[PDB]
Amino acid sequence: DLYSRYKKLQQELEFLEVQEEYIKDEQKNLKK
Amino acid sequence: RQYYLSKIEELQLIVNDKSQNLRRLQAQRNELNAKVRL
Amino acid sequence: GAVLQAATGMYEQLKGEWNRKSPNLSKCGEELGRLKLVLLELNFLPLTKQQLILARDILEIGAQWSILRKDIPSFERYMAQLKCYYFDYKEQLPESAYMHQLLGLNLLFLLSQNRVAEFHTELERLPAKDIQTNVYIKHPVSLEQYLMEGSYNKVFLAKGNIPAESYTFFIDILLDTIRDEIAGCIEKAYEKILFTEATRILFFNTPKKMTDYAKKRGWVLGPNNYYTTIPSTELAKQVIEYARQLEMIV
Amino acid sequence: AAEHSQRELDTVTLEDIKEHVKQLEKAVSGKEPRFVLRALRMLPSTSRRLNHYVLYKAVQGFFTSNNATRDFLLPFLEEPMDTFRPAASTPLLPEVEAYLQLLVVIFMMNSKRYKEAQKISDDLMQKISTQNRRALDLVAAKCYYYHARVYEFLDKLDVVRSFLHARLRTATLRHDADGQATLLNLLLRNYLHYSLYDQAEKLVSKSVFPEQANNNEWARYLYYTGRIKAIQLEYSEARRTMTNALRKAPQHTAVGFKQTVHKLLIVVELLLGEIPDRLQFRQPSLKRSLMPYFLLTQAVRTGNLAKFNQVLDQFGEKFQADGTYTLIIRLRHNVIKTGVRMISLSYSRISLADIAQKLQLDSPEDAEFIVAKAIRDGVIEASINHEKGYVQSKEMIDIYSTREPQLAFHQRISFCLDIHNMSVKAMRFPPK
Amino acid sequence: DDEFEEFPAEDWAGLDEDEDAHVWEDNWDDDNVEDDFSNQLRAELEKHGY
Amino acid sequence: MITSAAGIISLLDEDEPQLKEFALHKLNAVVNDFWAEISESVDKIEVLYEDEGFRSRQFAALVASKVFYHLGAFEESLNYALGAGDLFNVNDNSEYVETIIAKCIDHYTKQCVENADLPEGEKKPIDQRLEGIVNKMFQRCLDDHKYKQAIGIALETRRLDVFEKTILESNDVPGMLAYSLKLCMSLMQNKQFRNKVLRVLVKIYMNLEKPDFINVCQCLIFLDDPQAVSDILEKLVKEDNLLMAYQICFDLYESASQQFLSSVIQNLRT
């Protein structure tokens, strides 16, 4: 319940960070 | 108990903010990729 | 209970010794020490009205002893606790005859050690009607104003216009404070001031005293008694910072 | 006639209330903040009307699940005799009920009804102290603001210091922004209303105002900290902060706030030796209010002690009414400093006897002491020569070719790049 | 928009008659006192020969 | 009634320890009202707490912890809350105790994972007071019957002892076991710690009155322990529950790798 939701939130946040870093790298390459 | 709720809400606001940020980044990259493709 | 009556008797004895020409310093000090000790059990700060009145009297006598002892650090704590007992949310204590005397005492003290900001805040605390009406606080405010203008000679003239004898203690130290402030403003004002003029206007009547005070500061006598590059590093960092903020996406 | 128009106004106000409730409900949808300030922005407009009929209609309209929290406002609520659920028994969102209770609070505030207003505000903020949702943080800011306002005309602002402190901390841990700023401003006003300037200063030094705060809240905070530093001898920074406050104040409304800030800015600028521009003394909405401060300013420019004393005697009541009496006394004794600033602005080199003659100082040594004291501060840039009598001013080097413009323009970069970054960050593309 | 009711909206009395109600943006120097010109000139040069 | 703070901080400068103790009591009475004046005078509280001769040094630690909680110095506030001793009443529902509990839990989790990834010799010694307050929180969670929350905190803190205690003491042992298995498999990335959790789950499953041999075999496949599976199958053969044996073998084939099946079939033959 509570712990599962908290862990899901952490995993989602980490995945969002991964996507953000990916998108920034791709933005640089696309500018090139 | 309530410590779980505090952590959950803090992470929830962080995730909402970063989700809006990611959506904006995706839109920017999409427009740039559209320009490149054209 | 009866402890307050015992304290009442003992501080009646204390004030009886105090009104005597020269109360015993150690005796009254120890009396006040154990008096505040029992005051702690007597509900020191948050109530019986007489309880608060007697506590106020104890603290007033303590502060007046502290100035009488001729010691600064204790005086601050005594008036601090008294302020905690003075004028906010109280609304029940009768108007003390020593209210304004010690109020002006505190104001003059704040003036003494270059605490003008605190002086004006405490001025804001007390009512505006007594500022120009009560002599006890009219005096220290007057010297503060004369100091603010720079009419130092007016302060020296008015040093003898105290409304009570229980003012001289830091009247002396304020007379020293205005002189050292004069010296600081002089060094930050003039280019090279001659020794004799400094002796005249620093109010150091004894020239040896003026010389000793000159040695007291890094501001020195001097021989004839007359007291760029392009950095390219930090601003290079600034330019690189601009370059970063242009790049690295949003 | 009047009844018909009143009914139409009540109906349209009820419709705006429905729209605000729907907007609050949508705010939780998408799990995002904001969209509540849209309802809260028209809060003065809705607050203006607040008839008994429309309030009763809204209370009966959005509270199909009848509980006791509404059964307290009902005794004071009056219903029409001869004269709508927007519709199932779905439980009310906390934000919605807080909102409707807040408009109840505002109506009871407007009609001079204060004691039961204290009660209803108490029952309003008692519940919200339990929630931990950011959607109820924006509403909580206005809740606290009108709670303090209710306690103000009830003359019990001193009581709420503990409650506002507790909520300020609670906001601080939860990283609240709007609630934090509103609570900080309310606390500052509480400290000032009882002249606890030292406590307010100590609070300010230990509390950091959120940068993402609202414009009005930023202006209020700037005015309060400016009053602090002004009564605390930090005149220059006080004037800077007061000007910054005037920049961020609303342009159309806020006549009283602008009046107070202008009065304090006049006094602070006069204390600094500068002269306030005549333009502010001319706006209608500001003219008469600043009229007592105008006759004062003239005297400071002239140094006419008799005029200063007469102005004080004829306007001390108004000066104390806005709490500028003490600063005005400090100005009464800084008029000489203002005159010296003017003299050094005009003249380059000047004998001290000339200073004394111009300023009516009656002594060359007194003029020497006064100019030395003034130049000790940043009031005047000069270099006294006691050997001869000069008050030679500092040589004005070319500001160009001096790295000073580089520093200023670097600050302006930092600002403009920062603005561009926030602008590009706040684009907020939608999902569909 | 906040109306800042916490600060009493200081009423301009009864919108009483102002000084001029003119359109006349003036400066700080227009309020002093003066005594014509020629008087000054003769009064300061007849001491030296005028 | 009181007007400001300067009286109590002035009392802090006295010489009699009893005066200091009374002043500390007054400060703890009103610190939520006005903390700013004590913030700059914190050094007095520090020296008072650092005096081993002060009988109420714990009260000084508590006052300083509260003040730093105002200041946000959560590391130092945690340090002085641990130094507050037993005066830190965990059972109180105040905001201060609650947020310090949260910071205590976070610090304990950080130190616990940092010790877990490190070998035995490099484990930094966890503070005993932090461990004790965490144990108190664990006990409170157990008493409040929120067993899932205690399980989650135990998993966060790498404390398998508390994890086992919560699993066993829970009213619904099979349900909590299934919940923990789902959590461990779907959420945990630390392979070694997930293996430790799986071993604990296997031990609990076997020690159950009616072992959940299917889940035991699944967890063993995850742990890569063909020897245990072979021994379980042999015991099942001896114990005549042949349907367990057959279903277990079918699940083993459907899930376990070829090497796992080869090892099991080899140990089965011998």
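Residues numbered from 1 in each chain as written, not as in the entry; some residues may be left out. Chains lettered and ligands numbered in written order. Part of a larger assembly, values for the part shown. Heavy atoms only, no water.

- Looking at the method and resolution fields of the entry, one finds cryo-EM and 3.1 Å.

1. So, the overall build of chain D
Move 1: The helix and strand inventory of chain D stands at 20 helices and zero strands.
Move 2: Viewed in the frame of its principal axes, chain D has a C-alpha envelope of about 95 × 50 × 45 Å.
Move 3: By residue count, 53% of the 432 residues in chain D fall in the buried class.
Move 4: Only carbon and sulfur atoms are counted for the fraction: they give 55% of the accessible area of chain D, which is about 20,600 Å². (Helix = DSSP H or I, 4+ residues; strand = E, 2+ residues; numbered from the N terminus. Buried < 20%, exposed > 50% of the residue type's maximum accessible area, 1.4 Å probe, protein only. Areas by Shrake-Rupley, 256 points an atom, 1.4 Å probe, with all protein chains shown as cover.)

2. Observations regarding the overall build of chain A
Move 1: Scanning chain A for helices and strands turns up one helix and zero strands.
Move 2: Evaluated residue by residue, chain A yields a buried proportion of 41% over its 32 residues.
Move 3: Looking at charge distribution, chain A has the averaged site of its 7 positive side-chain charges lying 3 Å from that of its 8 negative ones. (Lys, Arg positive; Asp, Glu negative; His and termini not counted. Charge placed at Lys NZ, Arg CZ, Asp CG, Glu CD.)

3. Details of the interface of chain B and chain A
Move 1: With 20 residues of chain B at the interface, the matching set in chain A holds 17 residues.
Move 2: Counting the surface lost from both chain B and chain A, the interface buries some 1,900 Å², and carbon and sulfur atoms represent 77% of this.
Move 3: Between the two partners, chain B and chain A, sit two salt bridges.
Move 4: Across the pair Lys18(B) and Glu20(A) runs a salt bridge, and its minimum N-O distance is 3.8 Å.
Move 5: Classifying every residue of the side of chain B that touches chain A gives ten nonpolar, six polar and four charged. (Contact = heavy atoms within 4.5 Å. Buried area = accessible area lost by both parts, 1.4 Å probe. Salt bridge = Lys/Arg side-chain N within 4 Å of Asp/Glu carboxyl O. Nonpolar A, V, L, I, M, F, W, Y, C, P; charged D, E, K, R; others polar.)

4. Some remarks on a nonpolar patch on the surface
Residues and elements named next belong to chain F.
Move 1: A cluster of nonpolar residues, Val 237, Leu 242, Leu 243, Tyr 246 and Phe 250, forms a patch on the protein surface that exposes about 560 Å² of accessible area.
Move 2: For the nonpolar patch, the element with the most residues is helix α15 (residues 242-255), which contributes four residues.
Move 3: Note that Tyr 246 resides in helix α15. (Patch = residues over 30% accessible without salt bridge, like charges linked within 9 Å, V, L, I, M, F, W, Y side chains within 5 Å.)

5. Examining the UniProt feature "domain: PCI" in chain D
Move 1: Per the UniProt entry, the sites bearing "domain: PCI" are residues 219-398 of chain D in this numbering.
Move 2: With 68% helix and 0% strand, residues 219-398 of chain D has its two end C-alpha atoms placed 36 Å apart. (UniProt positions renumbered as here; feature names shortened; annotations may be inferred.)

6. Regarding the packing of helix α8 (residues 135-153) of chain D against helix α10 (residues 178-193) of chain D
Residue and element names in this part refer to chain D.
Move 1: Running from amino to carboxyl end, α8 crosses α10 at an angle of 15°, the nearest separation of the two axes being 7 Å. Between α8 and α10, the crossing angle belongs to the class labelled roughly parallel. The handedness of the crossing between α8 and α10 is left-handed. On the side of α8, the interface is formed by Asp 137, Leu 138, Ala 141, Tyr 144, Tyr 145, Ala 148 and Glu 152, while α10 contributes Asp 178, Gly 179, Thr 182, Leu 183, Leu 186, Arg 189 and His 193.
Move 2: By residue class, the composition of the contact of α8 with α10 is seven nonpolar, three polar and four charged. (Axes fitted to C-alpha atoms, helices over the stretch in contact; angles between N-to-C directions. Parallel < 35°, antiparallel > 145°, perpendicular 65-115°, else oblique. Left-handed = near helix turned anticlockwise from the far one by under 90°.)

7. Describing unusual backbone geometry
Move 1: Even without being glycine, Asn43(C) reaches a positive phi, approximately 65°.
Move 2: Examined against the element boundaries, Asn43(C) turns out to sit in the loop between α2 (25-41) and α3 (49-69).

8. Some points on a positive patch on the surface
Move 1: There is a patch of like positive charges on the surface, built from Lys28(A), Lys31(A), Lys32(A) and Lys35(B).
Move 2: With relative accessibility at 41%, the residue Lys28(A) sits in the partly exposed group.

9. What to know about the pattern of salt bridges
Move 1: According to the stated counting rule, one finds 48 salt bridges over all chains in the structure shown.
Move 2: With a shortest N-O distance of 2.6 Å, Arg220(D) and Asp2(E) are connected by a salt bridge. Placement of the pair is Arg220(D) in helix α12 (residues 215-231) and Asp2(E) in the segment before α1 (38-45), with the two residues belonging to separate chains. Comparing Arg220(D) with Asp2(E), the two get one shared label, buried.
Move 3: Linking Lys44(F) and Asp13(F) is a salt bridge whose minimum nitrogen-to-oxygen distance equals 2.7 Å. Taken together, the positions of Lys44(F) in helix α4 (residues 42-50) and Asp13(F) in the loop between α1 (6-12) and α2 (17-29) put the pair 31 residues apart, joining distant regions of the chain.
Move 4: Look at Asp13(F) and you get partly exposed, because its relative accessible area is 37%.

10. With respect to the side chain of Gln101(C)
Move 1: Relative to the helices and strands, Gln101(C) resides in helix α5 (residues 99-112).
Move 2: Residues within four places of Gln101(C) in sequence aside, it is in contact with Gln64(C), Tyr136(C), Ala164(C), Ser166(C) and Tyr167(C).

11. What to know about a negative patch on the surface
Move 1: A grouping of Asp16(E), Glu17(E), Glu19(E) and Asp20(E) is seen on the molecular surface, where their side chains present a negatively charged patch.
Move 2: Residue position: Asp20(E) is located in the segment before α1.

12. Points about the environment of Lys129(C)
Move 1: In this structure, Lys129(C) sits in the loop between α6 (116-125) and α7 (135-149).
Move 2: Counting along the chain gives 72 residues from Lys129(C) to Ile201(C), while the straight-line C-alpha distance between them is 36 Å.

13. A short note on the packing of aromatic side chains
Move 1: Within the structure shown, the criterion is met by 39 aromatic pairs over all chains.
Move 2: Geometrically, the ring pair formed by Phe75(C) and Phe109(C) is edge-to-face, given 5.0 Å between the ring centres and 70° between the ring planes. Residue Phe75(C) is located in helix α4 (residues 72-84), and its partner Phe109(C) is located in helix α5; the two are separated by 34 residues in the primary sequence.
Move 3: Owing to a relative accessible area of 2%, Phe75(C) belongs among the buried residues under this scheme.
Move 4: With relative accessibility at 5%, the residue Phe109(C) sits in the buried group.
Move 5: One aromatic cluster is present, formed by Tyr223(D), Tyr224(D), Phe257(D), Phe4(E) and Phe7(E) through successive ring pairs.
Move 6: Of note, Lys103(F) hangs over the ring of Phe74(F), and the distance from its end group to the ring centre comes to 5.2 Å.
Move 7: Positioned over the ring face of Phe193(F) is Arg158(F), at 4.8 Å from the centre of the ring. (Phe/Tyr/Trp six-rings, centres within 6.5 Å; stacked < 30°, edge-to-face > 60°. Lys NZ or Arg CZ within 6 Å of the ring centre and 35° of its normal.)

14. Quick word on the environment of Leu24(F)
Move 1: Secondary-structure assignment places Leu24(F) in helix α2.
Move 2: Taking the C-alpha atoms as reference points, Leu24(F) and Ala64(F), 40 residues apart in sequence, are found 9.9 Å from one another.

15. Some details on the interface of chain D and chain C
By a frequent convention, interface size equals the accessible area lost on bringing the separate parts together.
Move 1: Taken together, the contacts link 36 residues of chain D with 37 residues of chain C.
Move 2: Taking both partners together, chain D and chain C bury about 3,500 Å²; carbon and sulfur atoms supply 58% of that area.
Move 3: Taken as a group, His333(D), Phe369(D) and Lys373(D) account for 20% of the area that chain D buries against chain C, more than any other trio of residues on that side.
Move 4: Taken together, chain D and chain C are joined by one salt bridge.
Move 5: With a closest N to O distance of 2.2 Å, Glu181(C) and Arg376(D) form a salt bridge.
Move 6: Seen at the junction of chain D and chain C, the total is 14 residue pairs in polar contact.
Move 7: Secondary structure elements with two or more residues in the side of chain D that touches chain C: α11 (197-206), α17 (325-346), α19 (364-376) and α20 (404-425) of chain D.
Move 8: With eight residues, α19(D) is the single largest residue contributor to the side of chain D that touches chain C.
Move 9: Of the residues that constitute the side of chain D that touches chain C, the class distribution is 15 nonpolar, eleven polar and ten charged. (Polar contact = N/O pair within 3.5 Å; in protein donor to acceptor, adjacent residues only side chain to side chain.)

16. Overview of the arrangement of the chains
Move 1: Of all ten pairs of chains that touch, the greatest number of contacts is found between chains C and D.
Move 2: A minimum C-alpha distance of 36 Å separates chain A and chain E, which share no contact.

17. Focus on helix α7 (residues 115-128) of chain D
Residues and elements named next belong to chain D.
Move 1: With 14 residues, α7 extends 21 Å between its outermost C-alpha atoms, agreeing within 8% with the 20 Å of an ideal straight helix rising 1.5 Å per residue.
Move 2: Taken together, the buried positions of α7 are occupied by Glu 116, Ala 117, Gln 118, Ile 120, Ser 121, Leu 124, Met 125, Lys 127 and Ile 128.
Move 3: As for α7, its buried residues are in contact with α5 (73-76), α6 (94-110), α8 and α9 (161-173). (Expected span 1.5 Å × (residues − 1).)

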